[PDB]
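If you read the sequences in order, they're chains H and X. Position in the first sequence (from 1) plus 18 gives the number in full-length UniProt numbering. Position in the second sequence (from 1) plus 444 gives the number in full-length UniProt numbering. Positions of the beta carbon are idealized from the N, C-alpha and C atoms, including for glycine.
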Amino acid sequence: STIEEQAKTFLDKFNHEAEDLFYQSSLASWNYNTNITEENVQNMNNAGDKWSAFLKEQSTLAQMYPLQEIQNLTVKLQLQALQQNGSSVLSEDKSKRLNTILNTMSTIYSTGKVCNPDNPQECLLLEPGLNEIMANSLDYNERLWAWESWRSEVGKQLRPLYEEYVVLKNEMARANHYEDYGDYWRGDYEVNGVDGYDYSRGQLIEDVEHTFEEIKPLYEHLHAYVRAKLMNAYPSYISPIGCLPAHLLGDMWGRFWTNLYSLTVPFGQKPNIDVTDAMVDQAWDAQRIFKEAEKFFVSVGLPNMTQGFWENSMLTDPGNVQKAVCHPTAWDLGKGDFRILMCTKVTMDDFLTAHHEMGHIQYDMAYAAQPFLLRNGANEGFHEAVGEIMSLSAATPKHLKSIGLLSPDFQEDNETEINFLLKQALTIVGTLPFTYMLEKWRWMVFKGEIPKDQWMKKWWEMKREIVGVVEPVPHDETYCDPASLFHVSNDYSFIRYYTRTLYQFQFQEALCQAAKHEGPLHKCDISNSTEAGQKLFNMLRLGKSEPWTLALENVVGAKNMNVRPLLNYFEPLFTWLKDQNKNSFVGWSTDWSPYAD
Amino acid sequence: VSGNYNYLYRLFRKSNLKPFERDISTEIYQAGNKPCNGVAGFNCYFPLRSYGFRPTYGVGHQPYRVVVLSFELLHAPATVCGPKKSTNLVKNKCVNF
Ligand SMILES: *[C@@H]1O[C@H](CO)[C@@H](O[C@@H]2O[C@H](CO)[C@@H](O)[C@H](O)[C@H]2NC(C)=O)[C@H](O)[C@H]1NC(C)=O
Ligand SMILES: *[C@@H]1O[C@H](CO)[C@@H](O[C@@H]2O[C@H](CO)[C@@H](O)[C@H](O)[C@H]2NC(C)=O)[C@H](O)[C@H]1NC(C)=O
Ligand SMILES: *[C@@H]1O[C@H](CO)[C@@H](O[C@@H]2O[C@H](CO)[C@@H](O)[C@H](O)[C@H]2NC(C)=O)[C@H](O)[C@H]1NC(C)=O
Ligand SMILES: *[C@@H]1O[C@H](CO)[C@@H](O[C@@H]2O[C@H](CO)[C@@H](O)[C@H](O)[C@H]2NC(C)=O)[C@H](O)[C@H]1NC(C)=O
Ligand SMILES: *[C@@H]1O[C@H](CO)[C@@H](O[C@@H]2O[C@H](CO)[C@@H](O)[C@H](O)[C@H]2NC(C)=O)[C@H](O)[C@H]1NC(C)=O
Ligand SMILES: *[C@@H]1O[C@H](CO)[C@@H](O)[C@H](O)[C@H]1NC(C)=O
Numbered sequence: 019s020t021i022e023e024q025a026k027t028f029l030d031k032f033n034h035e036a037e038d039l040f041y042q043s044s045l046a047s048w049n050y051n052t053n054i055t056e057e058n059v060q061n062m063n064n065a066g067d068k069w070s071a072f073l074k075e076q077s078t079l080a081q082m083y084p085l086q087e088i089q090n091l092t093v094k095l096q097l098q099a100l101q102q103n104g105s106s107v108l109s110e111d112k113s114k115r116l117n118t119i120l121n122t123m124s125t126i127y128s129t130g131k132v133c134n135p136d137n138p139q140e141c142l143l144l145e146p147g148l149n150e151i152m153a154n155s156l157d158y159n160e161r162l163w164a165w166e167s168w169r170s171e172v173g174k175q176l177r178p179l180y181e182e183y184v185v186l187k188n189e190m191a192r193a194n195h196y197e198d199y200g201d202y203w204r205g206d207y208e209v210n211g212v213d214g215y216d217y218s219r220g221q222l223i224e225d226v227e228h229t230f231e232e233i234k235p236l237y238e239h240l241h242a243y244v245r246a247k248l249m250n251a252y253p254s255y256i257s258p259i260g261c262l263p264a265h266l267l268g269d270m271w272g273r274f275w276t277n278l279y280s281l282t283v284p285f286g287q288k289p290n291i292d293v294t295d296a297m298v299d300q301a302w303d304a305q306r307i308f309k310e311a312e313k314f315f316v317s318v319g320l321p322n323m324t325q326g327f328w329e330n331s332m333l334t335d336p337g338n339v340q341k342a343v344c345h346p347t348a349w350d351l352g353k354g355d356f357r358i359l360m361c362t363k364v365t366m367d368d369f370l371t372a373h374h375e376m377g378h379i380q381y382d383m384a385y386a387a388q389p390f391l392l393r394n395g396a397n398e399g400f401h402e403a404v405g406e407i408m409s410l411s412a413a414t415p416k417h418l419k420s421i422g423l424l425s426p427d428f429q430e431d432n433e434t435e436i437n438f439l440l441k442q443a444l445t446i447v448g449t450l451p452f453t454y455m456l457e458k459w460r461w462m463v464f465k466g467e468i469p470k471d472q473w474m475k476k477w478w479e480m481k482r483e484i485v486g487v488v489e490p491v492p493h494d495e496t497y498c499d500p501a502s503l504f505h506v507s508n509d510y511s512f513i514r515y516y517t518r519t520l521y522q523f524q525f526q527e528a529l530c531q532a533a534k535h536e537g538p539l540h541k542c543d544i545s546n547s548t549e550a551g552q553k554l555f556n557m558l559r560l561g562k563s564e565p566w567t568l569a570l571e572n573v574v575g576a577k578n579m580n581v582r583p584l585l586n587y588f589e590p591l592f593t594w595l596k597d598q599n600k601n602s603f604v605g606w607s608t609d610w611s612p613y614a615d
Numbered sequence: 445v446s447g448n449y450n451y452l453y454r455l456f457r458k459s460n461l462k463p464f465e466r467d468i469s470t471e472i473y474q475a476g477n478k479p480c481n482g483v484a485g486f487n488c489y490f491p492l493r494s495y496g497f498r499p500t501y502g503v504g505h506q507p508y509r510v511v512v513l514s515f516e517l518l519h520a521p522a523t524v525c526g527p528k529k530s531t532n533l534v535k536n537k538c539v540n541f
């Protein structure tokens with residue numbers, strides 16, 4: 019009864035019950051996901067309902083213990099995570115209104131239908147075909163149509179709903195001593211009073227705007243190259259001092275330039291590394307690939323699979339007609355019962371996805387000792403970060419020719435290396451300007467700086483200034499372009515895909531500087547080492563029990579995200595791009611327009 | 445499967461036990477300062493929970509069975525001892541018996 023002994027003794031009970039219930043819920047869910055029937059939806063909805071009701075009751079009960087009389091750090095962190103009101107601080111009818119606006123937004127996004135002006139009877143959804151038209155077509159007219167349509171029919175309906183959504187979320191967040199909603203998102207990177215490891219909610223914006231400054235020397239050259247290359251497929255449509263038209267990037271919103279590899283390959287007659295026929299000519303099943311992944315993981319010094327994962331998991335899609343959503347996922351039903359749900363085919367891409375998923379499996383195996391409320395990554399970003407380095411280290415030619423899938427006399431050269439590096443940088447450094455731009459735009463519109471009659475003009479001037487792309491058609495203020503992105507119209511945070519891109523290469527360099535590697539970083543492997551495994555595992559097992567700025571400094575040695583490893587990873591590509599642009603004009607002028615000529 | 449809620453295990457008590465002692469009470473715990481009067485809720489917790497076992501658990505959570513033996517010689521001089529066995533008997537030979 020030491021004013022705190024009450025917190026501990028509460029916490030225990032909670033712990034137990036929580037864990038148990040959660041498990042019930044989760045088994046239920048895995049079920050429905052692996053065997054789609056009509057009754058299983060009911061078997062899982064009530065389990066989720068009971069879990070949610072229990073958690074909200076415990077949250078309403080935890081309030082009775084003040085948060086300044088606690089002295090131990092871990093119990094304070096657990097209470098601070100549980101004591102969160104979340105929603106339901108609003109007026110009751112406004113809560114239902116918020117649920118309605120959210121669900122209506124999600125539905126209007128999901129079931130969008132756009133139809134041709136030449137044939138309005140049968141037409142296209144978003145997922146089947148629209149992405150294919152925007153990715154694989156090659157005529158300017160069809161791309162411009164597919165681009166303007168989706169923003170003229172799904173951008174116009176969403177604005178009068180997003181307007182109310184903003185103010186409702188702001189009034190929600192403003193009851194928990196917060197000043198807007200964006201702060202309620204940045205609050206994930208917050209650390210209070212640990213004598214030096216503190217990280218104020220504000221300094222996240224400072225880091226982001228301070229690390230985006232060092233990327234531009236590389237992004238500018240990449241933009242110049244991609245532009246001078248796109249000036250071949252569509253002759254006399256781009257200006258050599260202008261920006262790019264949004265409907266030429268490779269998808270609906272311009273998030274990944276990966277589909278531009280067909281037009282901008284450096285050496286179009288030297289094929290890259292690809293183990294796809296060598297696999298099937300060796301009769302590899304879904305079992306063999308996972309055995310290879312586990313062998314690689316155990317080679318570095320991590321434990322085996324739990325021997326309950328080989329009988330329960332579903333590695334190959336069920337033969338008969340058994341509807342199960344084929345989207346890879348790593349389940350941690352808790353209680354040490356880990357599973358992997360994915361419809362593996364015999365392709366090297368699935369061979370890399372297996373590694374990327376067993377990464378999450380290992381990361382979940384590590385921290386299974388912490389209290390139940392601390393079973394996550396250090397923040398939202400570390401999870402996929404620690405996941406992706408396995409795929410980045412398993413795709414190098416060394417690890418391939420050491421497993422029996424490449425001819426021993428396969429000799430790699432600098433041409434194939436530049437090819438691979440551009441294929442990588444079309445995805446890694448390509449999405450960063452878009453990500454930072456969209457997140458800054460959302461923070462701005464939430465804090466109230468941008469008046470609600472200047473949304474689209476500000477968004478497009480930002481697309482002109484930062485990322486270097488220009489709209490093809492004018493858009494007045496009956497539109498809303500950002501509401502046409504999945505992570506926006508569904509109330510999903512969108513800054514993790516910018517911190518992950520940095521944490522990735524920081525982890526890569528920090529780790530395989532212990533494997534005593536000597537060459538460029540893009541050939542670096544973490545196999546056969548034991549110091550690397552220990553350095554990684556001394557962070558994998560913390561969970562949330564320590565501030566993330568300590569989880570970093572125990573791996574790389576710094577107390578923040580630094581972009582230098584990224585540039586050090588791309589240095590060869592940068593040396594090449596500095597030569598292939600001796601005659602073009604780097605950068606872009608925000609005056610050019612595709613219609614004002 | 446579905447949970448076998450028979451086996452309980454106490455996780456609230458005033459002070460730790462004594463060796464070889466046994467406690468089976470079901471008096472509602474009291475952590476706060478206000479007496480409970482035998483009603484669960486705020487700072488009045490039931491003292492017994494149950495292991496919910498299922499076949500799809502990992503090692504370290506599946507039910508193990510434990511037995512322990514303990515000897516003590518209060519003073520007995522000829523109690524239960526170990527056993528013995530065979531060794532072919534012969535006759536008409538000088539032998540060590
Ligand atoms: C997928 O779920 C369905 C819905 O229950 C299962 O179908 C029945 O499941 C019960 C459960 O024991 C069986 O007794 C019936 O014989 C099943 N009937 C049919 C027509 O399937 C189905 O078995 C589940 N699939 C798997 C692989 O377990
Ligand atoms: C209160 O904080 C202390 C340390 O500040 C925690 O002590 C650790 O407890 C764990 C198990 O709970 C042990 O494995 C560690 O060895 C302990 N650390 C030290 C330095 O002895 C203590 O657990 C915290 N209280 C609670 C309820 O978690
Ligand atoms: C969470 O919401 C509650 C309202 O439901 C806020 O108000 C506190 O509510 C608790 C119990 O419901 C009271 O004991 C407090 O006196 C209330 N006022 C406070 C704590 O200032 C509560 O403030 C909200 N949580 C936070 C962290 O602000
Ligand atoms: C890949 O490596 C080869 C050999 O190391 C390079 O070939 C030489 O490149 C320099 C660079 O200007 C030229 O001056 C030489 O004339 C090249 N050698 C021959 C025999 O012609 C090649 O350039 C490298 N690839 C790239 C893209 O630079
Ligand atoms: C690095 O790891 C690989 C993976 O096991 C080890 O590969 C073995 O290498 C020896 C000799 O090079 C071969 O005889 C074995 O057949 C290989 N094993 C397999 C499964 O292919 C390699 O030994 C490790 N490196 C060192 C220095 O021990
Ligand atoms: C992992 O499993 C293999 C089975 O092939 C076994 O030989 C090895 O000893 C196991 N290692 C550990 C650490 O459990």
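Any Cβ of chain X closer than 8 angstroms to the Cβ of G561/H would place that residue at the interface, and such an atom is absent.
By the rule that beta-carbons nearer than 8 angstroms mark a contact, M82/H touches chain X. Those residues of the segment 345–367 of chain H placed with their C-beta closer than 7 angstroms to a C-beta in chain X are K353, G354, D355, ordered along the chain. Pairing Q526/H with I407/H gives a Cβ-Cβ distance under 8 angstroms. When secondary structure is reduced to three states using DSSP, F438/H falls in the helix class. In the three-state DSSP reduction, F452/H falls in the helix class (H, G or I). For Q24/H, the residues of chain X that pass the 7 angstroms Cβ criterion are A475, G476, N487, in the order they occur in the chain. For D30/H, the neighbours in chain X by C-beta distance under 8 angstroms run, in chain order, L455.
For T324/H, the C-beta contacts it makes with chain X under 8 angstroms involve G502, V503, in order along the chain. When DSSP states are grouped into helix, strand and coil, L142/H belongs to the strand group.
Excluding residues up to 5 positions away in sequence, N58, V59, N61, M62 lie with their Cβ nearer than 8 angstroms to the Cβ of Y50/H in the same chain. Neighbours of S19/H in chain X, taken as residues whose beta carbon is under 7 angstroms from its own, are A475, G476, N477 in chain order. In the assembly as shown, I307/H is a buried residue. Its beta-carbon has 16 or more other beta-carbons within 10 Å. The three-state secondary structure of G405/H, taken from DSSP, is helix.
In this structure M557/H touches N572/H by the C-beta definition: roughly 5 angstroms separates them, less than 8 angstroms. Restricting attention to alpha helix (DSSP H) runs no shorter than 4 residues, the segment 52–126 of chain H encloses them at 57–80, 91–100, ordered along the chain. Contact between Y127/H and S511/H does not hold, since the beta-carbon distance rounds to 17 angstroms and is not under 8 angstroms. Setting aside the 5 residues that flank it on each side, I291/H is surrounded in the same chain by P415, each with a C-beta closer than 6 angstroms to its C-beta; the list follows chain order. DSSP, reduced to helix, strand and coil, places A342/H outside both helices and strands of the structure shown, so it counts as coil.
Non-local C-beta neighbours of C480/X in its own chain, meaning closer than 6 angstroms and more than five positions away in sequence, comprise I472, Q474, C488, ordered along the chain. At least one beta carbon of chain X lies nearer than 8 angstroms to the beta carbon of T27/H.
A contact between stretches requires three or more CB pairs, one per stretch, nearer than 8 angstroms, and the segment 573–593 of chain H meets this requirement with the segment 433–451 of chain H. Residue-level contact check: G496/X touches chain H, since one or more beta carbons of chain H fall below 8 angstroms from its beta carbon. In this structure, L418/H keeps its C-beta atom at 8 angstroms or more from the C-beta atom of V318/H.
Boundaries for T523/X: no alpha helix (DSSP H) harbours it, and the DSSP string shows neither H nor E there. Taking 8 angstroms as the CB threshold, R493/X lines the interface with chain H. Restricting attention to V488/H, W473/H, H265/H, the CA atom closest to the CA of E181/H is found in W473/H. One Cα belongs to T365/H, the other to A311/H, and the distance between them is close to 14 angstroms.
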